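Asker:
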Amino acid sequence: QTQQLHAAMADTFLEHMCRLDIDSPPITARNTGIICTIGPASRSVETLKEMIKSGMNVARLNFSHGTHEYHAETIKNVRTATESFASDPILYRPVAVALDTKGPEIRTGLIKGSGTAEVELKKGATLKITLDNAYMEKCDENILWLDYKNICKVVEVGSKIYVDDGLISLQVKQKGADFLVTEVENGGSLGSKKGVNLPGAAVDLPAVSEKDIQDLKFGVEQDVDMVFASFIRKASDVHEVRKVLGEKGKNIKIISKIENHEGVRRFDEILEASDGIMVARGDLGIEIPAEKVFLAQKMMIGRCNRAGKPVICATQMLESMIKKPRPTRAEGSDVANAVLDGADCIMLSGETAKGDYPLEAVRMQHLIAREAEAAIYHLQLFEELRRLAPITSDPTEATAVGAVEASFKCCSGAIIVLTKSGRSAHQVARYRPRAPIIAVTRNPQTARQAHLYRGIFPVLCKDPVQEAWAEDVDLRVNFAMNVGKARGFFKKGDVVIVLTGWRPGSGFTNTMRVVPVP
Amino acid sequence: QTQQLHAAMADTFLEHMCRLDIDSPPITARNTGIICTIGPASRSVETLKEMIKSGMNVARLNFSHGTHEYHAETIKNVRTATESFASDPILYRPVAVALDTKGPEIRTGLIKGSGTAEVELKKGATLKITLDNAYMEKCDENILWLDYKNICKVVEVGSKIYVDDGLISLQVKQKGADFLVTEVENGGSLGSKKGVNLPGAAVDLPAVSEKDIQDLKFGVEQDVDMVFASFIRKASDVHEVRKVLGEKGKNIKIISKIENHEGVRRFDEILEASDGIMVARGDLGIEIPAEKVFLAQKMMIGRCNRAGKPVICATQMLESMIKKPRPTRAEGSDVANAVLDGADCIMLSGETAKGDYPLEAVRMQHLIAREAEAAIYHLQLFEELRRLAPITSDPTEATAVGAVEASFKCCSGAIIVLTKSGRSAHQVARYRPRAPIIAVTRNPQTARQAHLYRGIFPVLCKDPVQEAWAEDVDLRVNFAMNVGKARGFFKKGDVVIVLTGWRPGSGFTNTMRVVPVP
Amino acid sequence: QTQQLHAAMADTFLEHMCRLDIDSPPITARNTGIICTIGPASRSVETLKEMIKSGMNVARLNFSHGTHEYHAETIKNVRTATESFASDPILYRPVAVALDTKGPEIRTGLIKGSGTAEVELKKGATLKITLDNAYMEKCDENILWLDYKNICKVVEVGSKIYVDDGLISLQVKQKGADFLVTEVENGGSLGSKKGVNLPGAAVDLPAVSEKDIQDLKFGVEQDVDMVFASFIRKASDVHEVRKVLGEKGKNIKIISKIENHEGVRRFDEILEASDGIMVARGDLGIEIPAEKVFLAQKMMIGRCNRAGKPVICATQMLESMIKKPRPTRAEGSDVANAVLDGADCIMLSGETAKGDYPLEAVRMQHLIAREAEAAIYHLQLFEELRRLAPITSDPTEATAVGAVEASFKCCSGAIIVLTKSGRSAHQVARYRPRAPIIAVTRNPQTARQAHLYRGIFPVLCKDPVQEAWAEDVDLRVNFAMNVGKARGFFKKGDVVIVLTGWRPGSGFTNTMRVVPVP
Ligand SMILES: O=C(c1ccc(NS(=O)(=O)c2cccc3cccnc23)cc1)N1CCN(c2cnccn2)CC1
Ligand SMILES: O=C(c1ccc(NS(=O)(=O)c2cccc3cccnc23)cc1)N1CCN(c2cnccn2)CC1
Ligand SMILES: O=C([O-])C(=O)[O-]
Ligand SMILES: O=C([O-])C(=O)[O-]
Ligand SMILES: O=C([O-])C(=O)[O-]
Ligand SMILES: [Mg+2]
Ligand SMILES: [Mg+2]
Ligand SMILES: [Mg+2]
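Quick look at the structure:
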């Protein structure tokens, strides 16, 4: 038995678990999108080509750092490597480009302006925090500058302050009008321009700073597929991002990063307003107790699955692979469990952006996700997503669920979906079939954006529109068959589900056919 | 609400995920046992006391290294630290001692000659490896030492051999008659006395070596509670461990460690023959592909849960805490998911044996387990264990599921069980109540062995047996009431369930009472 | 096998249906209560003896006819019959006495004058209804009188009027000041003093008339066990009845009869106010379209089951058995499907009151019920009753659900419950065990009232209270054992469940034991 099909027939979850089988090889298709952060280790054209071959689907640009021109060149190299495979349209793989905003970050200043300079803060020592720019480049063991002007307004005597991704902690003893006097609680060696978290503080920085405004405008001009908007606290923040992008960037997907308590409490209204959600475990594990992160992760992935919107699990997934060519057992486990949880995508940060094994990290993500998709208990997942999804009069929605039902019944090799905007394919993906969803499109952007949805293998038809509708459908359907056979999803004589519109220019995908592979 | 009781009421697993809430705090009780490997960083009487206070339930000793004299000292210290709390029998925590056999290991030697400490080899490099035994002192990046004779009886050319937690990958370029030259693939930092794995070979080493025989006999002499048997490949391996322990060590629990392909494949006969199971992920993730471990882990926990036998999840759960005071996010997830999987106990190795933050590690496991236990979907778990329960005429079994049902209905503070052998408490634990199980025993050994069962808080009643049954019963009940109050499990006015026998002895548990706390 | 135990292990409802086996003989015990209307055909001490032997649990007296002294005679004969078996306390079966009030009935006047003649009406013919008391004794095929003064105020042209328990249909063609001119819909002989129904008309007779009051007061003097209150339309109706019964009759159960549209629309408040419900299908089927009766039956049985309150299914169950000794197929089906619906009791009207075969009717209900009860899909029933019953701090509720859980686990012969008021036994019955519930009481009245609850076999202890509580429990327990052996419920060596309290008095059931039958 293949792809855990022995465990798939179990009537209980428990028995399904008991039947999982390390000798039951998975199918070749991998449904979960892989998002890579690009930096020094992975920004060369030649390295990017191997990232694509290994499984990268989306390139993430971290606008916390780097100049516009530095990112412009990262974008170019990505497009260059992606297009280098375009000569064969059957084998071509769209690669999305995402921009991760700085958002309302709080950063320290420079330590004695030296570079190789740190100070060892001793636990129990006092440290003054000032906001006076004359100290902007003169930080040491007694005085510390940071860039959050109104920090005194939202902090109180007894408040905690984390510095350098939570490695150092301080507790505030005194407030002056425009300074803080703190006591070191967790000692450490403090470098320069490090990140500051204020857990439980009602931080009043703008959702979109002036810099973000510029950054978003830059993204529009560079044709980015999606925006990962940092530190989203409420629905109004999303609407702000939406308004900046405006008319010109209306088709750019906005993915809200939930990285603090507020985002978690306001999660429902953020989800309603966004196109998708990133569980940003880095900051979140600082802002709320680390032992509670898994709950937030599961809750958010559950609600997105329920709502039908993509959700990305991020940060520290294969962390130890920054230095090592293999991951820990806990890391292998965390990737698989993000998939079983329901994550549409998984993400690499430092592993791809700066580490010593960017390609091995991508490869490992691809291998684990594939195993985990086979182990999904589709029988219960399908029963539940239905029960929790409303009665609609939308015909493409009815069609989509009919097709997933049909794909489980004939165990089909794929669900081929013809789509312009991608919506029809998304509506199929939300019901989580086991068969890969081959979305044939002519819109290059919809092709790139489809990577956000579990199961979608997006495919770009380069052929010009034939005037005879029936023939043009056939062209696109046959192209999907050819892609499938080439990648080994299925072979001649296999059964596939094909979804198409009935009428030329209906805007509905309301037709399903069960069809042998030619 | 509290302890995820909102998610507890959900009609589907999806909806249950959607309701998990980081602002719903866990109960104070912690059902999952914590087993700690004791070594250089944690073997002092002073550190041990803190380990007990942090939450350590079982002290593991790894017999891969160390003399009999070294280990007796550690055992001595564990007992001294444990007995340091015996003055108040209401606060005494029984601590089990476990012996982890070396088993059929294959290891390496020292370094260079000028310093037998720590060196390296480069990437893609080549490497001479020996089947002669003169070069153990001087092993560097050129010519390396193993300890396996009939190697090439079971080996091939171009075959994979791994080294040092398999962080070093090598393929044999060519062999000969019985010696090795190879080529590096995953180059890294080479150290001293590092482990070697041969994925694929049905290795001919014995299950219980001559050294194992000495260690097991030492184990009997020392009165150990349990044995972790390394590299169990089949049921006759377990029986040979049982035979070496013999009449004298017949009450010692045998826990088979499943850490290669054969053990996975023969899991059923091994489980039937064992007292419980360890999922030993360190070696398992080298012996089988890393991406497959989580499947082997969830299958084994599933089948153990179904059989009612203890299962331990082990290795690299909090690995990065060897050097850091906080875990990664993947580590947070891993611990949490082992608990949601159904694991009776989670284990720490390097994290407590040799790392810089042993106390932090134990405390992090304690916090995560508790959060995870609240997030369990008991409604479905209890339903499935009941359906997948063979119906029996066994009266003790009927009382036990009766008790668990009752404890859900009235959300009780505990299930109090009076037990001599532990069996009665084990019967309650296998139905996975949410409420902690206070197992009151006069037998010190069963009190220690009970740590293996999820949910069991064992308490050792030191008071003389009383002649009247009823009064002796009521004195042990009251002792349990006082422990629970003292540990904050419940308070005056709370409801508990109480399981007892109709007369003295084993197999007579047939009485369940719903009782207020006085 | 036996009692469809094969069918009850099925994992689906459909599979359950598939396995029902006409050759699977049921267990001797019959859980569903049987209520019989006493009349001319059945009031002799001698017929009443055979009614009991045949399975009658409740004797219902209709107070629409006959003097108080008449009913007191009938009552005395019920009591004589019941007490004839009293010499042997182990075989004695309590029998309940129920009072069914007349309520707001509408009745015609006397036909012709020549005693009680039966004028025949013809389809198409004109009939006139009048309140002119001149025709009080002078009804005929042209002009008919009835006892409802306000009929003209509450009827309209087009209204349907029904006569003789639904037999004759009339349509209002002409309303006068004093009279109605109607056209006959279907022919049929009209008797004297027949019953009238007005569907879709706001009838304004008091739900508790002055006759009702005397009758209820009489009930109290006569020490009846329960009242079946006719034509209950709303909660206040039920509260009036409770008031009339007052302090003296507080222990008397009020069962509301739902017989019209309003009763069904305001069902929820009526249930809250009542001790139980009667689905009174004779009138109900005339008051609402006949094709809707099953919807309301199944709705009310469902809701009563969910609230844990008794529900009775009544009227025309075995109708053809008034004139024949074998029922129709439709009737065999209706009794079985009422038990499958969830009804605690089934009832006989004319069958036992005025029919030529009273004893054949009682036996046929006894047989059908016992077959139907074995066809119950207990797996899903018990799962659902759990999920949907609250989490409560009430100890006796936990004990109760614990005991039903245990009784499924060990397939017990019975659940024995010691109860003073009956509540402990009621609490078990709401979870619908398969095993008969032997309720041992010393209170003759609760013994009689227990017949309202599915699965309770009441037995009345006559022994004197023993001074030592512990011994006085065992005395009653042992009595239930003896009762079970004689009744063929179980034998020596079978396992039974026993529920007792920790002290004398009501509200202290907290102890469940699983115990071998001695
Ligand atoms: O490892 C898993 C697991 C396996 C597969 C999982 N993903 S799944 O097959 O797609 C799935 C299946 C059914 C419902 C789902 C709802 C949301 C997300 N995934 C669902 C999720 C978890 N366990 C779930 C069942 N287990 C439990 C745990 N607690 C109570 C009952 N069963 C043991 C561990
Ligand atoms: O004859 C029955 C039936 C059988 C048993 C019934 N009662 S039961 O076993 O105690 C039962 C079982 C499960 C839930 C119940 C809820 C309320 C009352 N009874 C329940 C009630 C009805 N049915 C017709 C066929 N049935 C199917 C078969 N396949 C699909 C859907 N329904 C089930 C209901
Ligand atoms: O920003 C992030 O990606 C994070 O904090 O996890
Ligand atoms: O033996 C172990 O602990 C392992 O390999 O995981
Ligand atoms: O009164 C009744 O019992 C009826 O109408 O069924
Ligand atoms: Mg962040
Ligand atoms: Mg090992
Ligand atoms: Mg009536």
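Just so you know, the sequences run in chain order A, B and D. Heads up, the first sequence is in PDB author numbering, so the first residue is 14 and it goes up one at a time. Heads up, the second sequence is in PDB author numbering, so the first residue is 14 and it goes up one at a time. Heads up, the third sequence is in PDB author numbering, so the first residue is 14 and it goes up one at a time. By construction, the Cβ of each residue, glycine as well, lies at the ideal position given by its N, Cα and C atoms.
Give, in chain order, every residue of the segment 415-441 of chain B whose Cβ lies closer than 9 Å to some Cβ of chain D.
Answerer: Flagged, chain order: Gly415, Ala416, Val417, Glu418, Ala419, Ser420, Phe421, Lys422, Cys423, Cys424 and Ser425.
Asker: Alpha carbon to alpha carbon, what distance is there between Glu397(D) and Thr405(A)?
Answerer: Here residue 405(A) corresponds to residue number 392 of the first sequence, with the count starting at 1. Here residue 397(D) corresponds to residue number 384 of the third sequence, with the count starting at 1. Taking the straight line from one Cα to the other gives about 29 Å.
Asker: Taking just the CA atoms, how far does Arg445(B) sit from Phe395(B)?
Answerer: Along the second sequence, read from residue 1 onward, the residue named residue 395(B) stands at position 382. Along the second sequence, read from residue 1 onward, the residue named residue 445(B) stands at position 432. For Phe395(B) and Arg445(B), the distance between alpha carbons rounds to 7 Å.
Asker: Nearest to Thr15(A) by CA position, among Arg32(A), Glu28(A), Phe231(A) and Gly363(A), is which residue?
Answerer: Reading the first sequence from its first residue, position 2 is the one you call residue 15(A). That would be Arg32(A), whose Cα lies nearest to the Cα of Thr15(A).
Asker: Under a Cβ-count criterion, where at least 16 other Cβ atoms within 10 Å of its own Cβ denotes burial, should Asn146(D) be classed as buried or exposed?
Answerer: The residue given as residue 146(D) occupies position 133 in the third sequence. Its Cβ having fewer than 16 others within 10 Å, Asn146(D) is exposed.
Asker: Do you know how far the Cα of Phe503(D) is from the Cα of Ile428(D)?
Answerer: Stepping through the third sequence from its first residue, residue 428(D) is reached at position 415. Stepping through the third sequence from its first residue, residue 503(D) is reached at position 490. One C-alpha to the other measures close to 11 Å.
Asker: Over what stretch of residues does the alpha helix (DSSP H) that includes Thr513(D) continue unbroken?
Answerer: Numbered from 1 along the third sequence, position 500 holds the residue referred to as residue 513(D). Here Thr513(D) belongs to no alpha helix (DSSP H); instead the beta strand (DSSP E) covers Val508 to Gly514.
Asker: Mind checking which residues open and close the beta strand (DSSP E) that includes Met291(B)?
Answerer: Taking the second sequence and counting its residues from 1, the one referred to as residue 291(B) is at position 278. Run containing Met291(B): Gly289 to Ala293, per the beta strand (DSSP E) assignment.
Asker: Determine the direct distance from the alpha carbon of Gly426(A) to that of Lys261(B), and round the result to whole angstroms.
Answerer: Residue 261(B) sits at position 248 when you count from the first residue of the second sequence. Residue 426(A) sits at position 413 when you count from the first residue of the first sequence. Approximately 60 Å between the Cα atoms of the pair.
Asker: Nearest CA to the CA of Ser100(D): which residue from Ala483(D), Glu118(D), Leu473(D) and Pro212(D)?
Answerer: Against the third sequence, residue 100(D) aligns to sequence position 87. Cα-wise, what sits closest to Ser100(D) is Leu473(D).
Asker: Starting from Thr50(B), follow the beta strand (DSSP E) in both directions and report where the run begins and ends.
Answerer: The residue labelled residue 50(B) in the question sits at position 37 within the second sequence. Counting along the chain, the beta strand (DSSP E) containing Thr50(B) begins and ends at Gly46 to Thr50.
Asker: Using alpha carbons as the reference points, say which of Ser269(B), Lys206(B), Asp288(B) and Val257(B) lies closest to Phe244(B).
Answerer: For the purposes of this step, residue 244(B) is taken as the residue at position 231 of the second sequence. Comparing Cα positions, the closest option is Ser269(B).
Asker: Nearer than 8 Å: is that true of the beta carbon of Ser406(D) relative to any heavy atom of ligand 3?
Answerer: Here the question's residue 406(D) lines up with position 393 in the third sequence. Checking every heavy atom of ligand 3 against the Cβ of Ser406(D), none is found closer than 8 Å.
Asker: Compare the C-beta of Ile301(B) against all C-beta atoms of chain A and say whether one is closer than 9 Å.
Answerer: By 1-based counting over the second sequence, the position of residue 301(B) is 288. So, interface residue.
Asker: How would you label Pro471(D), buried or exposed, when you count the other beta carbons within 10 angstroms and need 16 or more for buried?
Answerer: Within the third sequence, residue 471(D) is the residue found at index 458, counting from 1. Buried.
Asker: Grab me the residues of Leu401(B)'s own chain with a C-beta within less than 7 Å of its C-beta, minus the 5 sequence neighbours each way, in chain order.
Answerer: Sequence index remark: in the second sequence, residue 401(B) carries index 388 (1-based). Closer than 7 Å at the Cβ level, and outside the excluded window around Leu401(B), lie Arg319.
Asker: List the endpoints of the continuous alpha helix (DSSP H) containing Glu198(B).
Answerer: Numbered from its first residue, the second sequence carries residue 198(B) at position 185. Premise fails: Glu198(B) lies in the beta strand (DSSP E), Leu193 to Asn199, not in any alpha helix (DSSP H).
Asker: Please confirm whether any heavy atom of ligand 4 lies closer than 8 Å to the CB of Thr328(B).
Answerer: Within the second sequence, residue 328(B) is the residue found at index 315, counting from 1. Yes; taking the cut-off as 8 Å, the Cβ of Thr328(B) has a heavy atom of ligand 4 nearer than that.
Asker: For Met239(D), write down the residues that DSSP places opposite it in a beta bridge.
Answerer: For the purposes of this step, residue 239(D) is taken as the residue at position 226 of the third sequence. In the DSSP output, where bridge partners are listed per residue, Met239(D) has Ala111(D) and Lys266(D).
Asker: Looking only at DSSP bridge pairs, what is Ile174(A) linked to?
Answerer: Position 161 of the first sequence, counted from the first residue, corresponds to residue 174(A). DSSP, once it has assigned bridges, lists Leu183(A) as partnering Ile174(A).
Asker: Exposed or buried, what is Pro338(D) when buried is set at 16 or more other beta-carbons lying within 10 Å of its beta-carbon?
Answerer: Counting from one through the third sequence, the residue named residue 338(D) turns up at place 325. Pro338(D) is exposed by the Cβ-count criterion.
Asker: Thinking C-alpha only, which one of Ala460(D), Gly415(D) and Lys505(D) is nearest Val441(D)?
Answerer: What you label residue 441(D) is simply residue 428 of the third sequence in a count that begins at 1. Nearest option by C-alpha distance: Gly415(D).
Asker: Quick one, are the C-beta atoms of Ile290(A) and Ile283(A) less than 9 Å apart?
Answerer: Here residue 290(A) corresponds to residue number 277 of the first sequence, with the count starting at 1. Here residue 283(A) corresponds to residue number 270 of the first sequence, with the count starting at 1. Yes, they are a contact pair.
Asker: Which of the residues in the segment 58-85 of chain B, read from start to end, lie with their CB under 9 Å from any CB of chain A?
Answerer: Cβ contacts with chain A: none found.
Asker: Which bits of chain B does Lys367(A) rub up against, with CB to CB less than 7 Å?
Answerer: The residue given as residue 367(A) occupies position 354 in the first sequence. Those within 7 Å of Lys367(A) in chain B number zero; the least Cβ separation is about 16 Å.
Asker: Going by DSSP, what residue range makes up the beta strand (DSSP E) through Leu473(B)?
Answerer: Here residue 473(B) corresponds to residue number 460 of the second sequence, with the count starting at 1. Here the beta strand (DSSP E) through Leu473(B) covers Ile469 to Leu473.
Asker: Which residue marks the beginning of the alpha helix (DSSP H) containing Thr41(A), and which one marks its end?
Answerer: Mapped onto the first sequence, residue 41(A) falls at position 28. Careful: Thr41(A) lies outside any alpha helix (DSSP H) and carries neither H nor E.
Asker: Taking CB distances under 9 Å as the criterion, tell me whether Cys31(B) reaches chain A.
Answerer: Residue numbering aside, residue 31(B) sits at position 18 when the second sequence is read from its first letter. Yes, because at least one Cβ of chain A sits closer than 9 Å to the Cβ of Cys31(B).
Asker: Could you tell me the distance, in whole angstroms, from the CA atom of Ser55(A) to the CA atom of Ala303(B)?
Answerer: Within the first sequence, residue 55(A) is the residue found at index 42, counting from 1. Within the second sequence, residue 303(B) is the residue found at index 290, counting from 1. Spanning the two alpha carbons is a distance of roughly 24 Å.
Asker: Roughly how many angstroms lie between the CA atoms of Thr95(B) and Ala109(B), to the nearest whole one?
Answerer: Position 82 of the second sequence, counted from the first residue, corresponds to residue 95(B). Position 96 of the second sequence, counted from the first residue, corresponds to residue 109(B). Rounded to whole angstroms, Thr95(B) to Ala109(B) spans 10 Å at the Cα level.
Asker: Would you say the segment 43-59 of chain B touches the segment 17-26 of chain B, given that touching needs at least three Cβ pairs under 8 Å?
Answerer: Contact between the segment 43-59 of chain B and the segment 17-26 of chain B is absent, because fewer than three Cβ pairs lie under 8 Å.
Asker: What does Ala343(B) reach in chain A if we use C-beta pairs closer than 7 Å?
Answerer: Residue 343(B) sits at position 330 when you count from the first residue of the second sequence. What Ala343(B) touches in chain A: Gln329, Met330, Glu332, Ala343, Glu344 and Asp347.
Asker: Less than 8 Å separating the Cβ of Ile88(B) from some heavy atom of ligand 1?
Answerer: Numbered from its first residue, the second sequence carries residue 88(B) at position 75. No - ligand 1 has no heavy atom lying nearer than 8 Å to the Cβ of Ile88(B).
Asker: Just to check my reading of the structure: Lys207(B) and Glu196(B) have Cβ atoms closer than 8 Å, yes? What is that Cβ distance to the nearest angstrom?
Answerer: Numbered from its first residue, the second sequence carries residue 207(B) at position 194. Numbered from its first residue, the second sequence carries residue 196(B) at position 183. With 8 Å as the limit, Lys207(B) and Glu196(B) do not qualify as a contact, their Cβ atoms being about 18 Å apart.
Asker: For a contact meaning CB atoms closer than 8 Å, what does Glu396(B) contact in chain D?
Answerer: What you label residue 396(B) is simply residue 383 of the second sequence in a count that begins at 1. Those are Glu396, listed as they occur along chain D.
Asker: Mind checking if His274(A) is an interface residue toward chain B, Cβ cutoff 9 Å exclusive?
Answerer: The count along the first sequence starts at 1 and reaches residue 274(A) at position 261. So yes, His274(A) belongs to the interface.
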